[PDB]
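Below is one structure; the comments refer to it alone.
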Amino acid sequence: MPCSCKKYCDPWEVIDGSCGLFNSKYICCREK
(Lines give C-alpha, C1' and ligand atoms only; values in the text may rest on other atoms or scores of the structure.)
Protein backbone atom coordinates (compact mmCIF):
# COMPACT_ATOMS: atom_id res chain seq x y z
CA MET A 1 0.00 0.00 0.00
CA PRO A 2 1.49 3.45 -0.95
CA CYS A 3 -0.55 4.92 1.93
CA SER A 4 -0.86 3.45 5.48
CA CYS A 5 -3.48 3.14 8.25
CA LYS A 6 -2.33 4.48 11.66
CA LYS A 7 -3.95 6.25 14.66
CA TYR A 8 -1.45 9.07 14.03
CA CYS A 9 0.96 9.78 11.16
CA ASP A 10 4.75 9.78 10.86
CA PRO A 11 6.90 12.98 11.05
CA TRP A 12 7.19 12.56 7.24
CA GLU A 13 3.60 11.35 6.59
CA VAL A 14 0.23 13.21 6.79
CA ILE A 15 -3.45 12.18 7.19
CA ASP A 16 -5.61 11.49 4.12
CA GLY A 17 -8.70 9.59 5.39
CA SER A 18 -10.20 7.41 8.17
CA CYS A 19 -9.49 3.66 8.43
CA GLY A 20 -10.58 0.97 10.92
CA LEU A 21 -14.16 -0.01 11.77
CA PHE A 22 -15.80 3.11 13.27
CA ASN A 23 -13.20 5.26 11.42
CA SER A 24 -11.22 5.20 14.70
CA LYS A 25 -7.95 4.82 12.76
CA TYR A 26 -6.69 7.25 10.07
CA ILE A 27 -5.65 6.63 6.46
CA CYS A 28 -2.34 8.44 6.54
CA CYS A 29 -0.57 8.79 3.17
CA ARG A 30 2.97 10.00 2.33
CA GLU A 31 3.73 13.72 1.95
CA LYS A 32 4.39 13.84 -1.82
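By order in the C-alpha coordinates, chains are A, B, ...; within a chain, residues start at 1; ligands start at 1, following the order shown.
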List the neighbours of residue 29 in chain A out to 8 Å using only C-alpha atoms; skip same-chain residues closer than 5 positions along the sequence, and give me the result as a short mmCIF file (atom, residue, chain, number, x, y, z; two decimals) with N, CA, C and O atoms, in the first residue's frame.
data_model
loop_
_atom_site.label_atom_id
_atom_site.label_comp_id
_atom_site.auth_asym_id
_atom_site.auth_seq_id
_atom_site.Cartn_x
_atom_site.Cartn_y
_atom_site.Cartn_z
N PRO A 2 0.72 2.17 -0.93
CA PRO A 2 1.49 3.45 -0.95
C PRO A 2 1.18 4.26 0.32
O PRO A 2 2.05 4.89 0.89
N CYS A 3 -0.07 4.20 0.71
CA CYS A 3 -0.55 4.92 1.93
C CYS A 3 -0.39 3.97 3.13
O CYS A 3 0.25 2.94 3.01
N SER A 4 -0.97 4.32 4.26
CA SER A 4 -0.86 3.45 5.48
C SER A 4 -1.85 3.86 6.58
O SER A 4 -2.00 5.04 6.87
N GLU A 13 4.92 11.70 7.21
CA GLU A 13 3.60 11.35 6.59
C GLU A 13 2.47 12.24 7.14
O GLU A 13 2.60 12.79 8.21
N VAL A 14 1.40 12.36 6.37
CA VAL A 14 0.23 13.21 6.79
C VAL A 14 -1.10 12.49 6.52
O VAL A 14 -1.20 11.70 5.60
N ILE A 15 -2.09 12.79 7.33
CA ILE A 15 -3.45 12.18 7.19
C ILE A 15 -4.04 12.35 5.79
O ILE A 15 -3.67 13.25 5.06
N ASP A 16 -4.94 11.46 5.46
CA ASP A 16 -5.61 11.49 4.12
C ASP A 16 -7.04 10.92 4.20
O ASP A 16 -7.83 11.15 3.31
#
### Message
Taking the DSSP secondary structure from the backbone, can you list the residues of chain A that are strand (DSSP E), as a PyMOL selection string?
### Response
chain A and resi 4-6+13-17+26-30
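Coordinates place CA of residue 30 in chain A at a distance of 14.6 Å from CA of residue 18 in chain A.
CA of residue 10 in chain A is positioned 17.0 Å from CA of residue 24 in chain A.
Computed from the coordinates, the CA of residue 21 in chain A to CA of residue 8 in chain A distance equals 15.8 Å.
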### Message
Could you list, as a VMD selection string, every residue within 8 Å of residue 6 in chain A, counting only C-alpha atoms and ignoring same-chain residues fewer than 6 positions away?
### Response
chain A and resid 19 25 to 28
